[PDB]
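File shown: upload.pdb (PDB, C-alpha atoms).
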```
ATOM      1  CA  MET A   1     100.238  68.607  99.331  1.00  0.00           C
ATOM      2  CA  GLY A   2      97.501  70.827 101.030  1.00  0.00           C
ATOM      3  CA  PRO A   3      95.940  74.380 100.764  1.00  0.00           C
ATOM      4  CA  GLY A   4      99.044  76.235 102.112  1.00  0.00           C
ATOM      5  CA  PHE A   5     101.195  74.621  99.404  1.00  0.00           C
ATOM      6  CA  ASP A   6      98.431  75.440  96.840  1.00  0.00           C
ATOM      7  CA  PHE A   7      98.595  79.226  97.623  1.00  0.00           C
ATOM      8  CA  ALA A   8     102.469  79.123  97.675  1.00  0.00           C
ATOM      9  CA  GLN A   9     102.557  77.385  94.258  1.00  0.00           C
ATOM     10  CA  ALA A  10     100.107  79.907  92.767  1.00  0.00           C
ATOM     11  CA  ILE A  11     102.485  82.749  93.868  1.00  0.00           C
ATOM     12  CA  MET A  12     105.640  80.982  92.632  1.00  0.00           C
ATOM     13  CA  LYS A  13     104.198  80.065  89.188  1.00  0.00           C
ATOM     14  CA  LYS A  14     103.236  83.668  88.269  1.00  0.00           C
ATOM     15  CA  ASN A  15     104.987  86.151  90.654  1.00  0.00           C
ATOM     16  CA  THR A  16     108.650  84.996  90.809  1.00  0.00           C
ATOM     17  CA  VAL A  17     111.771  85.353  88.642  1.00  0.00           C
ATOM     18  CA  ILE A  18     115.358  84.191  89.185  1.00  0.00           C
ATOM     19  CA  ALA A  19     117.473  87.312  89.943  1.00  0.00           C
ATOM     20  CA  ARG A  20     121.293  87.215  89.633  1.00  0.00           C
ATOM     21  CA  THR A  21     123.609  89.938  91.021  1.00  0.00           C
ATOM     22  CA  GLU A  22     127.400  89.806  91.674  1.00  0.00           C
ATOM     23  CA  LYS A  23     126.450  88.487  95.183  1.00  0.00           C
ATOM     24  CA  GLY A  24     124.545  85.389  93.873  1.00  0.00           C
ATOM     25  CA  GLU A  25     121.264  83.962  92.528  1.00  0.00           C
ATOM     26  CA  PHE A  26     118.083  84.893  94.482  1.00  0.00           C
ATOM     27  CA  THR A  27     114.383  84.080  94.408  1.00  0.00           C
ATOM     28  CA  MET A  28     112.774  87.469  93.491  1.00  0.00           C
ATOM     29  CA  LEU A  29     109.095  88.252  94.184  1.00  0.00           C
ATOM     30  CA  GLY A  30     107.301  90.447  91.615  1.00  0.00           C
ATOM     31  CA  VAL A  31     104.565  92.501  93.360  1.00  0.00           C
ATOM     32  CA  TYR A  32     102.871  94.600  90.587  1.00  0.00           C
ATOM     33  CA  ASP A  33     103.743  96.286  87.251  1.00  0.00           C
ATOM     34  CA  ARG A  34     107.595  96.022  86.903  1.00  0.00           C
ATOM     35  CA  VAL A  35     108.183  96.283  90.723  1.00  0.00           C
ATOM     36  CA  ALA A  36     109.875  93.403  92.572  1.00  0.00           C
ATOM     37  CA  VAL A  37     111.657  92.850  95.922  1.00  0.00           C
ATOM     38  CA  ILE A  38     114.968  91.211  96.888  1.00  0.00           C
ATOM     39  CA  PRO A  39     117.073  91.103 100.086  1.00  0.00           C
ATOM     40  CA  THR A  40     119.210  94.276 100.384  1.00  0.00           C
ATOM     41  CA  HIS A  41     122.368  92.094 100.783  1.00  0.00           C
ATOM     42  CA  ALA A  42     121.937  91.102  97.077  1.00  0.00           C
ATOM     43  CA  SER A  43     123.570  94.569  96.374  1.00  0.00           C
ATOM     44  CA  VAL A  44     121.421  95.378  93.315  1.00  0.00           C
ATOM     45  CA  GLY A  45     123.256  97.667  90.854  1.00  0.00           C
ATOM     46  CA  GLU A  46     122.404  99.425  87.564  1.00  0.00           C
ATOM     47  CA  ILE A  47     122.092  96.020  85.712  1.00  0.00           C
ATOM     48  CA  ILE A  48     120.662  92.704  87.016  1.00  0.00           C
ATOM     49  CA  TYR A  49     120.025  89.309  85.289  1.00  0.00           C
ATOM     50  CA  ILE A  50     116.327  88.226  85.343  1.00  0.00           C
ATOM     51  CA  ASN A  51     115.819  84.561  84.201  1.00  0.00           C
ATOM     52  CA  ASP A  52     119.411  84.839  82.709  1.00  0.00           C
ATOM     53  CA  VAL A  53     118.588  87.983  80.620  1.00  0.00           C
ATOM     54  CA  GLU A  54     120.463  91.290  81.070  1.00  0.00           C
ATOM     55  CA  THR A  55     117.952  93.837  82.494  1.00  0.00           C
ATOM     56  CA  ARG A  56     118.396  97.545  83.312  1.00  0.00           C
ATOM     57  CA  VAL A  57     117.388  98.604  86.841  1.00  0.00           C
ATOM     58  CA  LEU A  58     115.126 101.728  86.526  1.00  0.00           C
ATOM     59  CA  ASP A  59     115.126 102.313  90.342  1.00  0.00           C
ATOM     60  CA  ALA A  60     116.350 100.466  93.498  1.00  0.00           C
ATOM     61  CA  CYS A  61     115.468 101.591  97.066  1.00  0.00           C
ATOM     62  CA  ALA A  62     116.888  99.880 100.176  1.00  0.00           C
ATOM     63  CA  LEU A  63     114.080 100.384 102.747  1.00  0.00           C
ATOM     64  CA  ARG A  64     114.751 101.629 106.289  1.00  0.00           C
ATOM     65  CA  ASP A  65     112.199 102.381 109.035  1.00  0.00           C
ATOM     66  CA  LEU A  66     111.585 105.918 110.312  1.00  0.00           C
ATOM     67  CA  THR A  67     114.267 105.324 113.046  1.00  0.00           C
ATOM     68  CA  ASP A  68     116.745 104.909 110.065  1.00  0.00           C
ATOM     69  CA  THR A  69     117.090 101.146 110.903  1.00  0.00           C
ATOM     70  CA  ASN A  70     117.702  98.589 108.088  1.00  0.00           C
ATOM     71  CA  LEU A  71     114.585  96.575 106.968  1.00  0.00           C
ATOM     72  CA  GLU A  72     116.648  94.310 104.563  1.00  0.00           C
ATOM     73  CA  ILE A  73     114.108  94.830 101.710  1.00  0.00           C
ATOM     74  CA  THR A  74     115.201  96.448  98.408  1.00  0.00           C
ATOM     75  CA  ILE A  75     112.320  97.460  96.041  1.00  0.00           C
ATOM     76  CA  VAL A  76     113.520  97.203  92.415  1.00  0.00           C
ATOM     77  CA  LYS A  77     111.801  98.579  89.304  1.00  0.00           C
ATOM     78  CA  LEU A  78     112.937  96.487  86.300  1.00  0.00           C
ATOM     79  CA  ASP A  79     113.170  97.632  82.619  1.00  0.00           C
ATOM     80  CA  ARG A  80     111.174  94.524  81.632  1.00  0.00           C
ATOM     81  CA  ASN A  81     108.724  94.187  78.699  1.00  0.00           C
ATOM     82  CA  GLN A  82     106.064  92.399  80.818  1.00  0.00           C
ATOM     83  CA  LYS A  83     104.141  93.268  84.040  1.00  0.00           C
ATOM     84  CA  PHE A  84     103.645  91.012  87.076  1.00  0.00           C
ATOM     85  CA  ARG A  85     100.181  89.967  88.205  1.00  0.00           C
ATOM     86  CA  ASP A  86      99.226  92.540  90.884  1.00  0.00           C
ATOM     87  CA  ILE A  87      99.366  90.695  94.268  1.00  0.00           C
ATOM     88  CA  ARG A  88      99.298  93.780  96.560  1.00  0.00           C
ATOM     89  CA  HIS A  89      95.895  92.680  97.950  1.00  0.00           C
ATOM     90  CA  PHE A  90      97.651  89.596  99.482  1.00  0.00           C
ATOM     91  CA  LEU A  91     100.062  91.783 101.557  1.00  0.00           C
ATOM     92  CA  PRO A  92      99.362  92.316 105.269  1.00  0.00           C
ATOM     93  CA  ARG A  93      98.652  95.864 106.454  1.00  0.00           C
ATOM     94  CA  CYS A  94     100.311  95.485 109.919  1.00  0.00           C
ATOM     95  CA  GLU A  95     103.069  93.608 111.785  1.00  0.00           C
ATOM     96  CA  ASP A  96     101.737  90.242 113.031  1.00  0.00           C
ATOM     97  CA  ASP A  97     102.440  86.631 114.019  1.00  0.00           C
ATOM     98  CA  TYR A  98     101.194  83.760 111.770  1.00  0.00           C
ATOM     99  CA  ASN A  99     100.434  80.052 111.854  1.00  0.00           C
ATOM    100  CA  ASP A 100     101.305  77.342 109.335  1.00  0.00           C
ATOM    101  CA  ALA A 101     103.544  79.242 106.861  1.00  0.00           C
ATOM    102  CA  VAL A 102     105.391  77.888 103.767  1.00  0.00           C
ATOM    103  CA  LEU A 103     108.787  79.112 102.494  1.00  0.00           C
ATOM    104  CA  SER A 104     109.075  78.712  98.669  1.00  0.00           C
ATOM    105  CA  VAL A 105     112.346  79.000  96.657  1.00  0.00           C
ATOM    106  CA  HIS A 106     113.048  78.775  92.943  1.00  0.00           C
ATOM    107  CA  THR A 107     116.695  78.971  91.743  1.00  0.00           C
ATOM    108  CA  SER A 108     119.164  76.869  89.641  1.00  0.00           C
ATOM    109  CA  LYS A 109     120.372  75.268  92.968  1.00  0.00           C
ATOM    110  CA  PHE A 110     116.818  74.723  94.415  1.00  0.00           C
ATOM    111  CA  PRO A 111     114.072  74.541  91.746  1.00  0.00           C
ATOM    112  CA  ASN A 112     110.438  74.044  92.855  1.00  0.00           C
ATOM    113  CA  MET A 113     111.379  73.971  96.564  1.00  0.00           C
ATOM    114  CA  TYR A 114     108.620  74.286  99.229  1.00  0.00           C
ATOM    115  CA  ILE A 115     109.198  74.053 103.049  1.00  0.00           C
ATOM    116  CA  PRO A 116     106.419  73.967 105.713  1.00  0.00           C
ATOM    117  CA  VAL A 117     108.105  76.117 108.422  1.00  0.00           C
ATOM    118  CA  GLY A 118     105.177  76.143 110.931  1.00  0.00           C
ATOM    119  CA  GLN A 119     104.541  79.022 113.324  1.00  0.00           C
ATOM    120  CA  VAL A 120     105.992  82.466 112.460  1.00  0.00           C
ATOM    121  CA  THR A 121     106.874  84.875 115.344  1.00  0.00           C
ATOM    122  CA  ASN A 122     106.958  88.694 115.060  1.00  0.00           C
ATOM    123  CA  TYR A 123     110.578  88.612 116.314  1.00  0.00           C
ATOM    124  CA  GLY A 124     111.259  92.349 115.758  1.00  0.00           C
ATOM    125  CA  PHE A 125     114.913  93.283 116.241  1.00  0.00           C
ATOM    126  CA  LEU A 126     117.713  91.080 114.827  1.00  0.00           C
ATOM    127  CA  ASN A 127     121.447  91.694 114.463  1.00  0.00           C
ATOM    128  CA  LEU A 128     121.571  90.305 110.934  1.00  0.00           C
ATOM    129  CA  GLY A 129     125.178  89.731 109.734  1.00  0.00           C
ATOM    130  CA  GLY A 130     126.268  92.537 112.138  1.00  0.00           C
ATOM    131  CA  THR A 131     123.536  94.934 110.862  1.00  0.00           C
ATOM    132  CA  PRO A 132     120.734  96.010 113.291  1.00  0.00           C
ATOM    133  CA  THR A 133     117.479  95.056 111.458  1.00  0.00           C
ATOM    134  CA  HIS A 134     113.769  95.621 112.341  1.00  0.00           C
ATOM    135  CA  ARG A 135     110.435  93.918 111.373  1.00  0.00           C
ATOM    136  CA  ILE A 136     111.936  90.404 111.377  1.00  0.00           C
ATOM    137  CA  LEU A 137     109.733  87.285 111.309  1.00  0.00           C
ATOM    138  CA  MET A 138     111.203  84.048 112.740  1.00  0.00           C
ATOM    139  CA  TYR A 139     110.443  80.351 112.093  1.00  0.00           C
ATOM    140  CA  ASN A 140     112.054  77.302 113.657  1.00  0.00           C
ATOM    141  CA  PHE A 141     113.469  75.672 110.504  1.00  0.00           C
ATOM    142  CA  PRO A 142     117.205  75.089 109.684  1.00  0.00           C
ATOM    143  CA  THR A 143     117.261  77.198 106.471  1.00  0.00           C
ATOM    144  CA  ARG A 144     120.480  77.108 104.332  1.00  0.00           C
ATOM    145  CA  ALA A 145     122.469  79.189 101.856  1.00  0.00           C
ATOM    146  CA  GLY A 146     120.475  79.428  98.588  1.00  0.00           C
ATOM    147  CA  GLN A 147     117.099  80.278 100.272  1.00  0.00           C
ATOM    148  CA  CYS A 148     117.493  84.145 100.501  1.00  0.00           C
ATOM    149  CA  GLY A 149     114.654  85.884  98.669  1.00  0.00           C
ATOM    150  CA  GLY A 150     112.407  82.863  99.282  1.00  0.00           C
ATOM    151  CA  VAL A 151     108.744  83.803  99.631  1.00  0.00           C
ATOM    152  CA  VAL A 152     106.953  83.266 102.994  1.00  0.00           C
ATOM    153  CA  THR A 153     103.174  82.707 102.623  1.00  0.00           C
ATOM    154  CA  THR A 154     100.151  81.602 104.561  1.00  0.00           C
ATOM    155  CA  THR A 155      96.777  80.802 102.879  1.00  0.00           C
ATOM    156  CA  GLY A 156      95.777  84.074 101.276  1.00  0.00           C
ATOM    157  CA  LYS A 157      98.789  86.136 102.496  1.00  0.00           C
ATOM    158  CA  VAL A 158     102.303  86.920 101.205  1.00  0.00           C
ATOM    159  CA  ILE A 159     103.987  87.925 104.497  1.00  0.00           C
ATOM    160  CA  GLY A 160     107.785  88.179 103.948  1.00  0.00           C
ATOM    161  CA  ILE A 161     110.999  87.271 102.115  1.00  0.00           C
ATOM    162  CA  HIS A 162     113.719  85.057 103.653  1.00  0.00           C
ATOM    163  CA  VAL A 163     116.883  87.079 104.583  1.00  0.00           C
ATOM    164  CA  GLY A 164     118.933  84.792 106.907  1.00  0.00           C
ATOM    165  CA  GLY A 165     119.272  82.085 109.534  1.00  0.00           C
ATOM    166  CA  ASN A 166     121.395  80.931 112.535  1.00  0.00           C
ATOM    167  CA  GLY A 167     121.481  77.161 111.742  1.00  0.00           C
ATOM    168  CA  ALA A 168     118.310  76.346 113.803  1.00  0.00           C
ATOM    169  CA  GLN A 169     115.984  79.383 113.051  1.00  0.00           C
ATOM    170  CA  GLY A 170     115.202  81.235 109.806  1.00  0.00           C
ATOM    171  CA  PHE A 171     114.437  84.932 109.467  1.00  0.00           C
ATOM    172  CA  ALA A 172     112.316  86.864 106.978  1.00  0.00           C
ATOM    173  CA  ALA A 173     111.806  90.595 106.402  1.00  0.00           C
ATOM    174  CA  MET A 174     108.123  91.593 106.622  1.00  0.00           C
ATOM    175  CA  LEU A 175     106.251  92.740 103.522  1.00  0.00           C
ATOM    176  CA  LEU A 176     103.637  95.386 104.264  1.00  0.00           C
ATOM    177  CA  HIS A 177     101.028  96.813 101.883  1.00  0.00           C
ATOM    178  CA  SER A 178     102.290 100.371 102.696  1.00  0.00           C
ATOM    179  CA  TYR A 179     105.668  99.669 101.007  1.00  0.00           C
ATOM    180  CA  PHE A 180     103.892  99.432  97.552  1.00  0.00           C
ATOM    181  CA  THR A 181     101.421 102.358  97.381  1.00  0.00           C
TER     182      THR A 181
END
```
Written as structure tokens, how would this file's structure read?
Amino acid sequence: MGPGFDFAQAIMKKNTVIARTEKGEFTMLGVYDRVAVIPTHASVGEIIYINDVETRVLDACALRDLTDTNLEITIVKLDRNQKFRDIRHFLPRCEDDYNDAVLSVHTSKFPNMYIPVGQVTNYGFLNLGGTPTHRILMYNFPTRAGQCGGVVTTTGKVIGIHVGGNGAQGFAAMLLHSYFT
């Protein structure tokens, strides 16, 4: 509908796949080469389904900060025959707050879904499902089951992936450029 939705669509149309684990179907962001991200609660194993095709997992790393605190991001290298468009230049370098973000989801349950979530707070610490988590972004939208892995964007930046909510707020894990050197 406007330039925020334009940037979000451009990311969804080229840099997402549908990932299925034993814990559900997730929006999965491809970042560069065969490297993608997914919420750590997806419990990625040795095999994952990518657009309903059986795919070997070459590597999976559940990120933690240097205090050994959960970040809720798993970086996955896929045994896929095709590379993603490199979007690392759209990743922020530092923790920040944002205006006018969009959350975009693409699954069997929610195809072509886009949500203007408004202002995004650097929330920091969250007890996420009982697990102490750092580098959390918050937005005041009543996000639902089926939105985990959703991509959070502003114009020109890919800033996080949706990892949870409390019924009134939604929470995303930050993406930082330094995760993908």
Could you expand the PyMOL selection byres ((chain A and resi 174) around 7) into the explicit residues it covers here, written as a PyMOL selection string? chain A and resi 135-137+159-161+172-173+175-176
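Proximity to residue 24 of chain A was assessed for A:119, A:43, A:131, A:153 counting all atoms listed in the file; the smallest distance is recorded for A:43.
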Who sits within 12 Å of residue 111 of chain A, all atoms listed in the file, same chain under 4 positions skipped, as JSON, numbers by chain: {"A": [12, 13, 16, 17, 18, 25, 26, 27, 104, 105, 106, 107, 146, 147, 150]}
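With only C-alpha atoms as the atoms that count, the minimum distance from residue 114 of chain A to the choices A:94, A:42, A:78, A:152 is reached by A:152.
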May I ask for the distance between atom CA of residue 60 of chain A and atom CA of residue 41 of chain A, given in Å to one decimal place?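 Rounded to one decimal, the two atoms are 12.6 Å apart.
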Which residues, protein or nucleic acid, reach to within 8 Å of (98.0, 81.8, 104.2) in the file's coordinates when using all atoms listed in the file, and can you give that as a VMD selection string? chain A and resid 4 7 100 to 101 153 to 158
The selected residues should be written to file as a short mmCIF file (atom, residue, chain, number, x, y, z; two decimals), in the coordinates of the input (atoms: C-alpha atoms).
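And here's again32.cif as it stands now:
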```cif
data_model
loop_
_atom_site.label_atom_id
_atom_site.label_comp_id
_atom_site.auth_asym_id
_atom_site.auth_seq_id
_atom_site.Cartn_x
_atom_site.Cartn_y
_atom_site.Cartn_z
CA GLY A 4 99.04 76.24 102.11
CA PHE A 7 98.60 79.23 97.62
CA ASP A 100 101.30 77.34 109.34
CA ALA A 101 103.54 79.24 106.86
CA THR A 153 103.17 82.71 102.62
CA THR A 154 100.15 81.60 104.56
CA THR A 155 96.78 80.80 102.88
CA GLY A 156 95.78 84.07 101.28
CA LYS A 157 98.79 86.14 102.50
CA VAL A 158 102.30 86.92 101.20
#
```
